[PDB]
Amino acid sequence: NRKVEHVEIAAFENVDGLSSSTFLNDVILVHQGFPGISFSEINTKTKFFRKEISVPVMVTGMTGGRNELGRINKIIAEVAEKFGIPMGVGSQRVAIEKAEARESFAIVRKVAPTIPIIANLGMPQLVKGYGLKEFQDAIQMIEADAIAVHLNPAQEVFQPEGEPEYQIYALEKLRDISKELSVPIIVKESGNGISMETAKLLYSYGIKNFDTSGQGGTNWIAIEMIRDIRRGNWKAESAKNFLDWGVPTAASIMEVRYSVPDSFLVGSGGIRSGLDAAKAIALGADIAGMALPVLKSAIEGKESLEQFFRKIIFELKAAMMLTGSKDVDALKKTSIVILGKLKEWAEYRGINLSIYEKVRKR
């Protein structure tokens, strides 16, 4: 089973940042030796649609569809609830198809009654016949506060089974569906990043909420490579040539914030510390997303995951403290330096740095 195999390869093989980069090493937060605040007044609260959350971080969707997967969703959800952190579940297709797969998603809401919970379906489902009703069912199954629709064409190109399909018709349908839905749609990538062209196209169809999921964290091309190697599939060697395919997370954050200045933006793909999260937010994200390190702690257990979030939160407040940022808003506006390849990326892409400074700050 593909869902089990995915979790096992992500958690126990070497695919985190494999031959790829976030370009976050190119972003420096300027240290403020006179912060102007004290540690105890640092306020980490922010908005997440109609709800308030305790920390500008979310867990992005990963799993569900059978009981061992549901027990990972349970650990993640009950810890996220405790910490006031939003949580996306993984793809719900399996539970649209099979009633026994429902509980492994529903459990999330039982144990996390108050945080934002975000449903999940894949864009390809929209050209294979999914419509309003499947979306409402994904949403109602966990009383979702939003639904994420994922883009994973890279993964689909290199996986043994099948071929990606991304006709514009899917966007027409998406646009129709968003007018009848009572919760917002977020469009997220899954390891390879969102460019300006893709963010503007999505915007022209009514999409305002993005999750970057850039290269440099979980490498889904590497994951499929490993599944190909395991079955002696021919594609393995081709996947290896594409290991560094994608938009780096930090470049993707800049590209979505610049091309759609009023977007609500999750910066994710390789966020591994509260310092990475602070960088993502100062660059222009509204919140930082994480998947893989949450998975690996959850598999270790509830208390491991509690420790993990304590660490992320401390690191984030440390960066806020050391930049003079009393709250999330001030963090979005703090002083940064951009160097090296990220800077060359932006310049070639016509990202005028002065208008960038202005846009990331309002």
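By rigid core we mean the largest C-alpha set that fits within 1.5 Å across both forms. Residue numbers run from 1 along the displayed sequence.
Of the two stretches examined, 167 to 175 and 93 to 101, the one with higher mean CA deviation in 8 other deposited structures of this protein after a rigid core fit is 93 to 101. Relative to the shown model and aligned on the rigid core, the C-alphas in 8 other deposited structures of this protein deviate most, among 217 to 225 and 158 to 166, for 158 to 166. Across the two stretches, 275 to 283 and 159 to 167, the PDB entry reports the greater mean Cα temperature factor for 159 to 167.
The stretch with the higher mean CA B factor, choosing between 353 to 361 and 3 to 11, is 353 to 361. Of the residues listed, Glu224, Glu189, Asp244, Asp176, the entry assigns the biggest Cα temperature factor to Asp176. Out of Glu255, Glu97, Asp211, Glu197, it is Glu97 whose C-alpha atom has the highest B-factor in the PDB entry. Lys332: CA B factor in the middle third of modelled residues in this chain (values from the PDB entry). Compared with the other modelled residues of the chain, the Cα B-factor recorded for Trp220 ranks in the lowest third. In the PDB entry, a CA B factor belonging to the middle third of its chain's modelled residues is recorded for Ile117. Placement of the Cα temperature factor of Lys326 within the chain: middle third of the modelled residues, per the deposited record. Among the modelled residues of its chain, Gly33 has a C-alpha B-factor that falls in the lowest third according to the deposited record.
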